[PDB]
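**Student:** Just passing along the structure, written as structure tokens.
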Amino acid sequence: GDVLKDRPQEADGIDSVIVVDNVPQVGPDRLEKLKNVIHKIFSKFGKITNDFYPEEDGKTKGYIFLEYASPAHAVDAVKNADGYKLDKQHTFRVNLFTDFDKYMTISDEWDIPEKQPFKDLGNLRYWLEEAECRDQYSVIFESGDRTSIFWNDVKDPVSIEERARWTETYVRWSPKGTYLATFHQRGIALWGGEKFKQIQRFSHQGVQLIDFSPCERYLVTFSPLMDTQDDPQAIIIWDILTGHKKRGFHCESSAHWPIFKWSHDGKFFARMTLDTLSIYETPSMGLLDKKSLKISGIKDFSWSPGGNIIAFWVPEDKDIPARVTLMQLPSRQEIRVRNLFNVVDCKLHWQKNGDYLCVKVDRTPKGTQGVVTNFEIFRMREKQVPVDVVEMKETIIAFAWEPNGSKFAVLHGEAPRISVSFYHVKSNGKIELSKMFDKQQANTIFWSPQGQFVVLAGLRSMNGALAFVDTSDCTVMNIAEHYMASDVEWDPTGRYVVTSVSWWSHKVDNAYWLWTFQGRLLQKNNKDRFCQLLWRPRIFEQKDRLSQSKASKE
């Protein structure tokens with residue numbers, strides 16, 4: 001106030017005054033010294049028009065009051081800093097003056113929500129807990145205008161749920177089964193949790209492919225035909241954890257999916273530009289080291305299951321001849337390269353632990369024809385990558401490895417129908433032809449993850465054409481139907497075979513077909529416009545038979 005015998009500005013100061021507590025005490029020369037420092041520090045609070053020093057009933061003063069020519073500078077200055085500091089106990093609470101009435105107690109708590117691993121638990125838990133007996137979970141496109149959930153209950157494969165128009169194009173499983181990726185034409189949706197609900201949704205449209213990172217943190221969405229949400233980036237990569245568009249990239253026409261390929265651990269993501277291979281690094285998804293891999297003419301590439309190696313291959317040019325390169329990451333070094341010279345085509349076939357890379361190599365005379373196909377195998381456990389040089393033979397059209405092993409099977413075209421050659425490991429080592437069989441319709445070699453059993457399948461043939469062989473010493477177990485055969489899969493432990501006839505592929509019969517690893521048909525189920533079937537990724541028997549016994553008697 002304006003009275004001489006004033007007192008402290010008791011609660012919540014007015015328009016123009018700043019009040020500070022814990023000021024330097026009264027005494028010899030100290031008062032003008034305090035003003036002399038105040039007129040350096042407080043000059044950004046406005047030009048001082050009054051500075052006040054009353055003594056409340058004559059007491060020594062813990063306070064001073066400052067008033068300014070334009071006080072909205074003081075409003076800037078208390079927002080510039082607070083807790084202004086001079087020697088020892090002198091730390092200043094800068095304000096118009098304290099409100100003081102309230103109490104800081106009471107502001108309370110939080111409720112945590114459920115999270116992404118909820119159906120990762122509902123995979124391993126689901127597998128043991130269920131009463132049936134005994135096998136895999138799907139993942140069905142086709143029953144009828146519905147997207148559907150089934151189990152292998154052996155008696156029949158029985159539907160758990162069938163949900164009306166749930167996917168509108170395609171459906172894909174997460175690597176550990178943690179999520180299901182579903183397309184709705186208002187945005188891609190990630191369906192997770194125990195009873196299946198939408199945890200995230202991603203705004204891209206025109207999509208057909210919807211594929212995951214191996215560690216399940218990022219989703220890759222691809223539109224072959226443009227919309228308005230691509231604008232104009234066909235390949236869009238979404239961060240699952242944060243929900244946002246992390247990267248977009250322009251279209252790839254070349255050639256057969258996957259055209260974007262991940263490392264086995266999900267650390268590195270990669271695509272070919274014809275004169276440059278681009279590597280993107282998890283979790284950020286920016287360019288690796290701020291560098292690319294400079295390679296010209298790259299046809300295809302395939303990652304090792306082992307840490308951490310890319311196999312890639314480069315065709316002939318008018319200067320450099322054709323080559324296969326093994327390149328190690330994160331080193332970025334070509335660690336074993338072989339020029340192949342004069343090749344029509346090559347195919348890169350890894351063994352499932354990364355122990356071997358087989359290259360199937362078609363070689364060319366000057367008349368420009370596939371005169372001979374070779375097999376050359378890189379050995380990756382052994383000292384300094386040895387090479388097993390194996391075959392010379394006429395027109396090889398397919399090759400496939402034994403799961404977690406070393407045996408393999410081979411198909412030769414043009415004879416007039418397709419001819420089969422079976423390979424086993426020698427007593428001294430090297431892998432060599434050991435048994436053959438007469439000509440057949442099989443174009444596709446698909447092995448059981450259990451190791452013994454191989455399927456020789458005549459895909460895209462109206463009839464037969466599924467033939468089943470037990471290995472070692474290659475014995476034909478069975479030959480069975482699948483009318484207009486298209487799609488094929490096994491259980492991860494090799495217990496069941498499931499084959500499909502997709503309505504994308506063939507519009508004759510449309511069905512799924514289920515067969516037991518002992519050479520016995522279980523059931524076939526025909527469905528009108530069947531689009532796809534995908535399995536979910538993945539002492540006792542007498543007790544289980546006792547449990548089964550109790551179910552139906554007494």
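Letters for chains follow the order of the structure tokens (A, B, ...), residue numbers begin at 1 for each chain, and ligand numbers begin at 1 in the order shown.
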From segment 60-276 of chain A, collect each residue whose DSSP state is alpha helix (DSSP H) and return the set as a list in words.
**Tutor:**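 Of segment 60-276 of chain A, only residues 72, 73, 74, 75, 76, 77, 78, 79, 80, 118, 119, 120, 121, 122, 123, 124, 125, 126, 127, 128 and 129 of chain A fall in alpha helix (DSSP H).
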**Student:** Can I get the selected residues back with C-alpha atoms, as an mmCIF file, in the first residue's frame?
**Tutor:**
```cif
data_model
loop_
_atom_site.group_PDB
_atom_site.id
_atom_site.type_symbol
_atom_site.label_atom_id
_atom_site.label_comp_id
_atom_site.auth_asym_id
_atom_site.auth_seq_id
_atom_site.Cartn_x
_atom_site.Cartn_y
_atom_site.Cartn_z
ATOM 1 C CA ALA A 72 3.892 -7.447 -18.230
ATOM 2 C CA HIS A 73 7.712 -7.601 -18.544
ATOM 3 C CA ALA A 74 7.652 -9.174 -15.021
ATOM 4 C CA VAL A 75 5.153 -11.781 -16.339
ATOM 5 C CA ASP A 76 7.748 -12.631 -19.033
ATOM 6 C CA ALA A 77 10.590 -12.630 -16.422
ATOM 7 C CA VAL A 78 8.901 -15.089 -13.980
ATOM 8 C CA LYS A 79 8.232 -17.349 -17.006
ATOM 9 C CA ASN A 80 11.907 -16.872 -18.115
ATOM 10 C CA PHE A 118 -1.875 -61.425 -24.858
ATOM 11 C CA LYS A 119 -2.390 -63.922 -27.769
ATOM 12 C CA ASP A 120 1.317 -64.968 -27.649
ATOM 13 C CA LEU A 121 0.276 -66.338 -24.227
ATOM 14 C CA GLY A 122 -2.914 -67.512 -26.080
ATOM 15 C CA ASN A 123 -0.767 -69.633 -28.383
ATOM 16 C CA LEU A 124 1.381 -71.731 -26.021
ATOM 17 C CA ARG A 125 -1.417 -71.771 -23.388
ATOM 18 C CA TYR A 126 -4.052 -72.602 -26.079
ATOM 19 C CA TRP A 127 -1.938 -75.504 -27.414
ATOM 20 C CA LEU A 128 -1.714 -77.374 -24.069
ATOM 21 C CA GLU A 129 -5.112 -76.409 -22.564
#
```
**Student:** As an MDAnalysis selection string, which residues of segment 338-424 of chain A does DSSP assign to strand (DSSP E)?
**Tutor:** chainID A and resid 338:339 343:350 356:363 372:379 387:393 396:401 408:412 418:424
**Student:** If we count only C-alpha atoms and set the cut-off at 12 Å, which residues sit around residue 243 of chain A, ignoring sequence neighbours fewer than 6 positions away in its own chain? Please answer as a VMD selection string.
**Tutor:** chain A and resid 188 to 190 199 to 203 217 to 219 237
**Student:** For segment 98-100 of chain A, find every residue with an atom within 10 Å (counting only C-alpha atoms), except residues of its own chain fewer than 3 positions away, and show them as a VMD selection string.
**Tutor:** chain A and resid 9 to 13 19 93 to 95 103
**Student:** Write to file, as a JSON list (two decimals), in the first residue's frame, the residues of the selection just made, with N, CA, C and O atoms.
**Tutor:**
```json
[["chain", "number", "residue", "atom", "x", "y", "z"],
["A", 9, "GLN", "N", 2.34, -8.04, 1.60],
["A", 9, "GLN", "CA", 1.21, -8.26, 0.71],
["A", 9, "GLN", "C", 0.66, -9.68, 0.87],
["A", 9, "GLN", "O", 1.12, -10.62, 0.23],
["A", 10, "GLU", "N", -0.32, -9.87, 1.78],
["A", 10, "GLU", "CA", -0.58, -11.13, 2.47],
["A", 10, "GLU", "C", -0.94, -12.35, 1.63],
["A", 10, "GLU", "O", -0.48, -13.46, 1.90],
["A", 11, "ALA", "N", -1.76, -12.20, 0.59],
["A", 11, "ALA", "CA", -2.10, -13.32, -0.27],
["A", 11, "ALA", "C", -2.39, -12.85, -1.68],
["A", 11, "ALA", "O", -2.96, -11.76, -1.86],
["A", 12, "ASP", "N", -2.02, -13.67, -2.69],
["A", 12, "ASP", "CA", -2.15, -13.47, -4.13],
["A", 12, "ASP", "C", -2.07, -12.01, -4.62],
["A", 12, "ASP", "O", -3.09, -11.34, -4.80],
["A", 13, "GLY", "N", -0.84, -11.50, -4.80],
["A", 13, "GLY", "CA", -0.55, -10.12, -5.21],
["A", 13, "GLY", "C", -1.33, -9.59, -6.38],
["A", 13, "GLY", "O", -1.86, -10.32, -7.22],
["A", 19, "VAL", "N", 6.96, -9.69, -5.25],
["A", 19, "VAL", "CA", 7.32, -9.78, -3.84],
["A", 19, "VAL", "C", 8.24, -10.98, -3.66],
["A", 19, "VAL", "O", 7.92, -12.11, -4.03],
["A", 93, "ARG", "N", 11.69, -17.34, -4.63],
["A", 93, "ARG", "CA", 10.43, -17.77, -5.20],
["A", 93, "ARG", "C", 9.76, -16.55, -5.83],
["A", 93, "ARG", "O", 9.17, -15.71, -5.14],
["A", 94, "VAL", "N", 9.88, -16.37, -7.16],
["A", 94, "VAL", "CA", 9.43, -15.14, -7.81],
["A", 94, "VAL", "C", 7.96, -15.22, -8.18],
["A", 94, "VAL", "O", 7.50, -16.13, -8.87],
["A", 95, "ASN", "N", 7.17, -14.27, -7.67],
["A", 95, "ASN", "CA", 5.73, -14.29, -7.80],
["A", 95, "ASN", "C", 5.16, -12.92, -7.48],
["A", 95, "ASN", "O", 5.84, -12.11, -6.84],
["A", 103, "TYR", "N", -4.09, -27.18, -0.35],
["A", 103, "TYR", "CA", -3.28, -28.27, 0.13],
["A", 103, "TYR", "C", -2.97, -29.19, -1.05],
["A", 103, "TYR", "O", -3.83, -29.49, -1.88]]
```
**Student:** Please, what distance in Å, to one decimal, runs between atom CA of residue 247 of chain A and atom CA of residue 285 of chain A?
**Tutor:**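 Between these atoms lies a distance of 7.4 Å.
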**Student:** Quote the spacing between atom CA of residue 172 of chain A and atom CA of residue 196 of chain A in Å to one decimal place.
**Tutor:** 14.2 Å
**Student:** Which polymer residues have any atom within 10 Å of an atom of residue 348 of chain A, counting only C-alpha atoms, with same-chain residues fewer than 3 positions away left out, as a count of residues only?
**Tutor:** 13
**Student:** One decimal, in Å: what's the spacing between atom CA of residue 159 of chain A and atom CA of residue 495 of chain A?
**Tutor:**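 If I compute the distance from atom CA of residue 159 of chain A to atom CA of residue 495 of chain A, I get 19.9 Å.
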**Student:** Considering only C-alpha atoms, return as a PyMOL selection string whatever protein or nucleic-acid residues lie within 9 Å of residue 268 of chain A, sequence-local ones (same chain, fewer than 2 positions apart) excluded.
**Tutor:** chain A and resi 261-266+270+279-282+285+288+329
**Student:** Pull C-alpha atoms from the residues just selected and write them as a short mmCIF file (atom, residue, chain, number, x, y, z; two decimals), in the first residue's frame.
**Tutor:**
```cif
data_model
loop_
_atom_site.label_atom_id
_atom_site.label_comp_id
_atom_site.auth_asym_id
_atom_site.auth_seq_id
_atom_site.Cartn_x
_atom_site.Cartn_y
_atom_site.Cartn_z
CA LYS A 261 12.99 -59.60 -47.40
CA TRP A 262 13.90 -59.51 -43.68
CA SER A 263 16.81 -60.98 -41.71
CA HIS A 264 15.89 -64.07 -39.60
CA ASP A 265 16.05 -62.09 -36.32
CA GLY A 266 14.19 -59.05 -37.81
CA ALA A 270 16.07 -55.16 -47.58
CA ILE A 279 19.30 -51.97 -46.25
CA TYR A 280 17.07 -50.50 -43.52
CA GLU A 281 17.88 -51.03 -39.79
CA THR A 282 15.47 -52.07 -36.94
CA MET A 285 14.07 -48.13 -40.17
CA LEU A 288 22.12 -48.60 -42.54
CA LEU A 329 26.20 -58.34 -41.87
#
```
**Student:** Do you know which residues are at most 9 Å from residue 306 of chain A counting only C-alpha atoms, after dropping those on the same chain fewer than 4 positions away, and could you put them as a short mmCIF file (atom, residue, chain, number, x, y, z; two decimals) with N, CA, C and O atoms, in the first residue's frame?
**Tutor:**
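Okay, this is what ended up in result-v3.cif:
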```
data_model
loop_
_atom_site.label_atom_id
_atom_site.label_comp_id
_atom_site.auth_asym_id
_atom_site.auth_seq_id
_atom_site.Cartn_x
_atom_site.Cartn_y
_atom_site.Cartn_z
N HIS A 264 16.56 -63.07 -40.43
CA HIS A 264 15.89 -64.07 -39.60
C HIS A 264 15.49 -63.59 -38.21
O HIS A 264 14.48 -64.02 -37.65
N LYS A 352 17.67 -75.23 -43.41
CA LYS A 352 16.85 -74.55 -42.40
C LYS A 352 17.57 -74.04 -41.15
O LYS A 352 17.06 -73.22 -40.40
N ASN A 353 18.82 -74.48 -40.91
CA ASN A 353 19.67 -73.93 -39.86
C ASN A 353 20.76 -73.04 -40.44
O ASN A 353 21.56 -72.44 -39.71
N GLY A 354 20.82 -72.87 -41.78
CA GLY A 354 21.86 -72.07 -42.44
C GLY A 354 23.17 -72.79 -42.62
O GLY A 354 24.19 -72.18 -42.94
N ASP A 355 23.19 -74.12 -42.38
CA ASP A 355 24.35 -74.99 -42.47
C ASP A 355 24.90 -75.11 -43.88
O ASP A 355 26.11 -75.17 -44.11
#
```
